[PDB]
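This report concerns only the one structure given below.
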Amino acid sequence: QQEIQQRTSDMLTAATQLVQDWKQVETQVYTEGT
Amino acid sequence: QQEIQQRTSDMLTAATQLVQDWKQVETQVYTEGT
Amino acid sequence: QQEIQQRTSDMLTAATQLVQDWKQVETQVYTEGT
Amino acid sequence: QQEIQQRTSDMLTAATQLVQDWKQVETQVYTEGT
Amino acid sequence: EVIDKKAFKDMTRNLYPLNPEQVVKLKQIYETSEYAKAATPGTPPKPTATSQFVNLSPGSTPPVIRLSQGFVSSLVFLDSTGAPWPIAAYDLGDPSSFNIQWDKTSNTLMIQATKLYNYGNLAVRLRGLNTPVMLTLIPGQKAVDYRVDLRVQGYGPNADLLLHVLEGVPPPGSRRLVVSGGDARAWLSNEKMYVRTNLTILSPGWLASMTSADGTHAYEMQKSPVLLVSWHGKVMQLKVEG
Amino acid sequence: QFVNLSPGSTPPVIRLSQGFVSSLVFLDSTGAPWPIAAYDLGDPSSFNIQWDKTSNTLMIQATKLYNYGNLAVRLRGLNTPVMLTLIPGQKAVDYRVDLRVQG
Amino acid sequence: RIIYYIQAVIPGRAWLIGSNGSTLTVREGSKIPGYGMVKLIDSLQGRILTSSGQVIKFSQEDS
Amino acid sequence: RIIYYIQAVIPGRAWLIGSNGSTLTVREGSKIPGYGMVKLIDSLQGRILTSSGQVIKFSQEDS
Amino acid sequence: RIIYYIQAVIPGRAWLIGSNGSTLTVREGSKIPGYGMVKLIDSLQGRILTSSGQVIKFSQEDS
Amino acid sequence: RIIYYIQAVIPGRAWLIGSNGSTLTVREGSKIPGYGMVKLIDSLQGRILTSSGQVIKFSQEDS
């Protein structure tokens, strides 16, 4: 049952990545013309 | 029986993170237009 | 038995921090507009 | 008996701090405006 | 093949070590500690504002001012006629314990004390007076002076109720009355009662009347238990009692 | 609420919400706006007071959670100061305080 | 009878509003006109105890 | 009988205001007319003993 | 009668707009004519319980 | 009978365009007049079931 850490290690950074990508919210912009 | 401290340690760093968030609060912004 | 000394130490540190917060008092501000 | 010198030292430190406070006396100030 | 499922579950546990219920209760004890560290020392003082007529006698006692911890006290100088009288000069003992924001030509002073139980004195010189004025002040009482109106025995260089009852301020020493079928607030103070409503009275005749900008009616009236009121073609009788 | 300027009158109080705008306005007997001349505040860290220098409204937020404060305002036509006090953290946030004055 | 509503409540002091509009403040040891002796003031839960057997609370519109 | 209330109070000195607007400051051993002497002047809790046994405190309204 | 739709829902308060046009905001303990006493408020799922048992919800077409 | 076509389909929300020219965005649980009730939403393959057994899709030659 020593294989648990191996699936733990493979998934962890992938788990840690998309949260910041989910935290990636960007501002609105506004443009005019003349 | 000794799994408390490792459960405690990361919980404190998690607790230290959130206690910063509720502590700080930014100001307002007053706008004037013409 | 040393937990008494430990709790005394960190309670002392927290108490010093909060009484440092207690002794702060700032000054008034006056604003004049025309 | 052997703890007297320990109980003297904390009694020494704050009292030495204490004698500065009643030594501190500031000066009179004056404001003139028309 | 459920090894990945167990790994996903326990890595969710390791990613988020806190229960959401624990998050809620940690927030609860957080603001509880905030309330504890924002608690008040003892019972709070009573906020009071006072007026006082000062004494220029060479044997009288100078007045004593209660000082609040950090809260501004406004001390306003007026003469015998109550006209404004700005101060030529001012000086305070122990400048660290108190704050001053003094406008250049006002007859007012704003004072913010800093230390908890240390008392001091203040001396001013008036603009139209040779005589200087000295007060004393102690902090940390159970009554805190928001505004002290000081009046000078000497003379300075310089020497209504209908509005109040239309705005909604009853006269002092007045009581309410019971009116049958009428939307009138009635105050009886000095045997000439004041009536506040939206109606136009018809029978006894107004002695003094005010009609507002919004359109309410205030009348003065002698004591009589029966009135006749006309309202837009309707006629009725009102009983006023107590 | 009406502001009573009697010497023994009880000063007004304002319930506050942290991080939220409190709208303090001043009104006279006719209902005209009375412009604000000058003001003074102790403990400026707890309260941010945006104020246009010729306006008559105050849009103030409170920084702390359970720290009551006071406020002083002197008007254009009045030699008498107006003092108020405010307390944060209540069960009803005063979204608007219309201070009706006597004069 | 004049009914008061809780407006401002701190530890120690409390503020009520009279039925005629006369708002006021009170503490633990004081005499309330129209209700007698002020029994207890709680900073939490919005409860004021009286010697008249009355627990003054917030208004329903003020809550 | 002019009634005195406490206007100001420190350890040692005390300040009293009577009914007519007169005010004065009292030490421990002092002559107060109508009341005699002062036995205790408790700076805490706003309580003052008199030689007649009378307990001088603040006003109820001005407390 | 007069029909209320939820517009703002949070844990602790709820904003309800009547079919008459006016609106109100409520807590757990508040009295609403036409429904009685609020029993429970659920922040998710749009569920608010009454003394009459009627579940206050969003509008059916407006959700 | 107005023929409804699928305009935009995501999990949660659905945009269905009728043959009358009007389209509607609806949630999962909503009663469609003239077709009945949509019980499930399948984002794959653009299939929407109704309570009267019919299936809303895109157009055969306009999709």
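Labeling convention for the structure tokens: chains A, B, ... as they appear, residues from 1 per chain, ligands from 1 in order of appearance.
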Inset, instruction - For region 25-28 of chain D, please output as a PyMOL selection string all residues within 8 Å (counting only C-alpha atoms; exclusion window: fewer than 2 positions along the same chain). - result: (chain D and resi 22-23+30) or (chain E and resi 91-95)
Legend entry - 10 Å contact set for region 4-19 of chain B, only C-alpha atoms, chain neighbours under 3 positions out, as a PyMOL selection string: (chain B and resi 1+22-24) or (chain E and resi 14-18+23+26-27+30)
Export, as a PDB file, in the first residue's frame, the selected residues with C-alpha atoms.
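What landed in selection_5.pdb:
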ATOM      1  CA  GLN B   1      -1.607   8.783  18.574  1.00  0.00           C
ATOM      2  CA  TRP B  22      -9.905  39.095   8.132  1.00  0.00           C
ATOM      3  CA  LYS B  23      -7.469  41.442   9.857  1.00  0.00           C
ATOM      4  CA  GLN B  24      -6.869  43.765   6.919  1.00  0.00           C
TER       5      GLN B  24
ATOM      6  CA  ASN E  14      -4.448  17.700   2.840  1.00  0.00           C
ATOM      7  CA  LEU E  15      -5.187  20.645   0.558  1.00  0.00           C
ATOM      8  CA  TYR E  16      -7.947  21.972   2.825  1.00  0.00           C
ATOM      9  CA  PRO E  17      -7.121  21.032   6.431  1.00  0.00           C
ATOM     10  CA  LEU E  18     -10.056  23.016   7.837  1.00  0.00           C
ATOM     11  CA  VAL E  23     -13.973  28.010   9.411  1.00  0.00           C
ATOM     12  CA  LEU E  26     -12.934  30.154  13.924  1.00  0.00           C
ATOM     13  CA  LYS E  27     -14.458  33.308  12.480  1.00  0.00           C
ATOM     14  CA  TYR E  30     -12.022  35.561  15.944  1.00  0.00           C
TER      15      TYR E  30
END
Inset, instruction - Just the strand (DSSP E) stuff from chain C, please, per backbone DSSP, written as a PyMOL selection string. - result: chain C and resi 29-32
Save the residues we just selected, C-alpha atoms, as a short mmCIF file (atom, residue, chain, number, x, y, z; two decimals), in the first residue's frame?
data_model
loop_
_atom_site.label_atom_id
_atom_site.label_comp_id
_atom_site.auth_asym_id
_atom_site.auth_seq_id
_atom_site.Cartn_x
_atom_site.Cartn_y
_atom_site.Cartn_z
CA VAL C 29 -7.24 66.25 13.04
CA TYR C 30 -8.89 69.49 11.97
CA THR C 31 -10.10 70.18 8.44
CA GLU C 32 -11.09 73.59 7.08
#
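The two atoms in question, CA of residue 45 (chain E) and CA of residue 54 (chain H), are spaced 24.2 Å apart.
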Inset, instruction - Give me the residues within 12 Å of residue 62 (chain J) as a list in words, counting only C-alpha atoms and dropping any in the same chain fewer than 6 places off. - result: residues 5, 6 and 7 of chain J
Store the residues of this selection in a file with N, CA, C and O atoms, as a PDB file, in the first residue's frame.
ATOM      1  N   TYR J   5     -36.038  25.329 -31.133  1.00  0.00           N
ATOM      2  CA  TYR J   5     -34.713  24.837 -31.464  1.00  0.00           C
ATOM      3  C   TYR J   5     -33.749  25.234 -30.361  1.00  0.00           C
ATOM      4  O   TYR J   5     -33.994  26.177 -29.610  1.00  0.00           O
ATOM      5  N   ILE J   6     -32.651  24.499 -30.265  1.00  0.00           N
ATOM      6  CA  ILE J   6     -31.635  24.804 -29.269  1.00  0.00           C
ATOM      7  C   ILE J   6     -30.737  25.906 -29.804  1.00  0.00           C
ATOM      8  O   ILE J   6     -30.211  25.809 -30.917  1.00  0.00           O
ATOM      9  N   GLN J   7     -30.581  26.970 -29.020  1.00  0.00           N
ATOM     10  CA  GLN J   7     -29.714  28.081 -29.388  1.00  0.00           C
ATOM     11  C   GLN J   7     -28.347  27.968 -28.726  1.00  0.00           C
ATOM     12  O   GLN J   7     -27.320  27.934 -29.411  1.00  0.00           O
TER      13      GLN J   7
END
Inset, instruction - Tell me the residues of chain F close to chain G, meaning within 12 Å using only C-alpha atoms, as JSON, numbers by chain. - result: {"F": [1, 2, 3, 4, 8, 9, 10, 11, 12, 13, 14, 15, 16, 66, 67, 68, 85, 86, 87, 88, 89, 90, 91, 92, 93, 94]}
What does the file look like for those residues with N, CA and C atoms, as a PDB file, in the first residue's frame?
ATOM      1  N   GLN F   1     -33.582  62.603  12.005  1.00  0.00           N
ATOM      2  CA  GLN F   1     -33.801  63.009  13.384  1.00  0.00           C
ATOM      3  C   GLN F   1     -33.479  64.479  13.557  1.00  0.00           C
ATOM      4  N   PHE F   2     -34.232  65.121  14.439  1.00  0.00           N
ATOM      5  CA  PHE F   2     -33.950  66.491  14.815  1.00  0.00           C
ATOM      6  C   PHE F   2     -32.771  66.539  15.773  1.00  0.00           C
ATOM      7  N   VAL F   3     -31.942  67.561  15.618  1.00  0.00           N
ATOM      8  CA  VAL F   3     -30.822  67.806  16.513  1.00  0.00           C
ATOM      9  C   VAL F   3     -31.232  68.914  17.467  1.00  0.00           C
ATOM     10  N   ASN F   4     -31.348  68.586  18.747  1.00  0.00           N
ATOM     11  CA  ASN F   4     -31.696  69.576  19.754  1.00  0.00           C
ATOM     12  C   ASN F   4     -30.424  70.213  20.293  1.00  0.00           C
ATOM     13  N   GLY F   8     -28.557  71.203  27.890  1.00  0.00           N
ATOM     14  CA  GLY F   8     -28.644  69.905  28.523  1.00  0.00           C
ATOM     15  C   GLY F   8     -29.111  68.787  27.622  1.00  0.00           C
ATOM     16  N   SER F   9     -29.226  69.021  26.317  1.00  0.00           N
ATOM     17  CA  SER F   9     -29.777  68.024  25.414  1.00  0.00           C
ATOM     18  C   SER F   9     -28.800  66.879  25.182  1.00  0.00           C
ATOM     19  N   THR F  10     -29.360  65.698  24.972  1.00  0.00           N
ATOM     20  CA  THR F  10     -28.569  64.496  24.738  1.00  0.00           C
ATOM     21  C   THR F  10     -28.015  64.511  23.316  1.00  0.00           C
ATOM     22  N   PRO F  11     -26.705  64.321  23.134  1.00  0.00           N
ATOM     23  CA  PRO F  11     -26.131  64.408  21.792  1.00  0.00           C
ATOM     24  C   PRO F  11     -26.524  63.213  20.941  1.00  0.00           C
ATOM     25  N   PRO F  12     -26.569  63.374  19.621  1.00  0.00           N
ATOM     26  CA  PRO F  12     -26.976  62.266  18.749  1.00  0.00           C
ATOM     27  C   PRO F  12     -25.923  61.175  18.627  1.00  0.00           C
ATOM     28  N   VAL F  13     -26.409  59.970  18.332  1.00  0.00           N
ATOM     29  CA  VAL F  13     -25.590  58.779  18.142  1.00  0.00           C
ATOM     30  C   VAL F  13     -25.875  58.202  16.761  1.00  0.00           C
ATOM     31  N   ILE F  14     -24.864  57.558  16.177  1.00  0.00           N
ATOM     32  CA  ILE F  14     -24.978  56.954  14.848  1.00  0.00           C
ATOM     33  C   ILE F  14     -24.459  55.524  14.905  1.00  0.00           C
ATOM     34  N   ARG F  15     -25.295  54.570  14.503  1.00  0.00           N
ATOM     35  CA  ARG F  15     -24.858  53.190  14.340  1.00  0.00           C
ATOM     36  C   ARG F  15     -24.083  53.049  13.037  1.00  0.00           C
ATOM     37  N   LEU F  16     -22.988  52.292  13.078  1.00  0.00           N
ATOM     38  CA  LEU F  16     -22.055  52.221  11.965  1.00  0.00           C
ATOM     39  C   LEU F  16     -21.833  50.783  11.524  1.00  0.00           C
ATOM     40  N   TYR F  66     -15.371  47.488  16.940  1.00  0.00           N
ATOM     41  CA  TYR F  66     -16.072  47.850  18.165  1.00  0.00           C
ATOM     42  C   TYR F  66     -15.359  48.992  18.867  1.00  0.00           C
ATOM     43  N   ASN F  67     -15.047  50.044  18.125  1.00  0.00           N
ATOM     44  CA  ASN F  67     -14.412  51.227  18.692  1.00  0.00           C
ATOM     45  C   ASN F  67     -15.288  52.431  18.384  1.00  0.00           C
ATOM     46  N   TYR F  68     -16.028  52.871  19.392  1.00  0.00           N
ATOM     47  CA  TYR F  68     -16.862  54.053  19.271  1.00  0.00           C
ATOM     48  C   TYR F  68     -16.000  55.305  19.197  1.00  0.00           C
ATOM     49  N   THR F  85     -21.778  61.480  18.247  1.00  0.00           N
ATOM     50  CA  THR F  85     -20.966  60.304  18.503  1.00  0.00           C
ATOM     51  C   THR F  85     -21.513  59.128  17.712  1.00  0.00           C
ATOM     52  N   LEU F  86     -20.638  58.168  17.449  1.00  0.00           N
ATOM     53  CA  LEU F  86     -20.986  57.041  16.608  1.00  0.00           C
ATOM     54  C   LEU F  86     -20.366  55.769  17.164  1.00  0.00           C
ATOM     55  N   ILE F  87     -21.095  54.672  16.997  1.00  0.00           N
ATOM     56  CA  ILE F  87     -20.713  53.361  17.514  1.00  0.00           C
ATOM     57  C   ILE F  87     -20.797  52.353  16.376  1.00  0.00           C
ATOM     58  N   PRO F  88     -19.748  51.585  16.112  1.00  0.00           N
ATOM     59  CA  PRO F  88     -19.828  50.536  15.094  1.00  0.00           C
ATOM     60  C   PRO F  88     -20.422  49.245  15.640  1.00  0.00           C
ATOM     61  N   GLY F  89     -20.839  48.387  14.711  1.00  0.00           N
ATOM     62  CA  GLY F  89     -21.254  47.040  15.058  1.00  0.00           C
ATOM     63  C   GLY F  89     -22.594  46.907  15.758  1.00  0.00           C
ATOM     64  N   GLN F  90     -23.682  47.191  15.055  1.00  0.00           N
ATOM     65  CA  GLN F  90     -25.024  47.079  15.609  1.00  0.00           C
ATOM     66  C   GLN F  90     -25.875  46.168  14.731  1.00  0.00           C
ATOM     67  N   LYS F  91     -27.127  45.985  15.140  1.00  0.00           N
ATOM     68  CA  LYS F  91     -28.066  45.142  14.415  1.00  0.00           C
ATOM     69  C   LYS F  91     -28.835  45.903  13.348  1.00  0.00           C
ATOM     70  N   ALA F  92     -28.518  47.177  13.134  1.00  0.00           N
ATOM     71  CA  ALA F  92     -29.156  47.964  12.087  1.00  0.00           C
ATOM     72  C   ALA F  92     -28.207  49.076  11.680  1.00  0.00           C
ATOM     73  N   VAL F  93     -27.832  49.095  10.408  1.00  0.00           N
ATOM     74  CA  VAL F  93     -26.863  50.052   9.893  1.00  0.00           C
ATOM     75  C   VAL F  93     -27.599  51.295   9.408  1.00  0.00           C
ATOM     76  N   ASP F  94     -27.195  52.453   9.921  1.00  0.00           N
ATOM     77  CA  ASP F  94     -27.790  53.726   9.526  1.00  0.00           C
ATOM     78  C   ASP F  94     -27.284  54.083   8.140  1.00  0.00           C
TER      79      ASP F  94
END
Inset, instruction - Write out as a list in words the residues lying within 7 Å of region 70-86 of chain E, counting only C-alpha atoms and excluding same-chain residues fewer than 3 positions away. - result: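 In the requested format, the answer is residues 105, 106, 107, 108, 109, 110, 111, 112, 113, 114, 126, 127, 145, 146, 147, 148, 149, 150, 151, 152, 153, 154, 155, 156, 158 and 159 of chain E; 42 and 70 of chain F.
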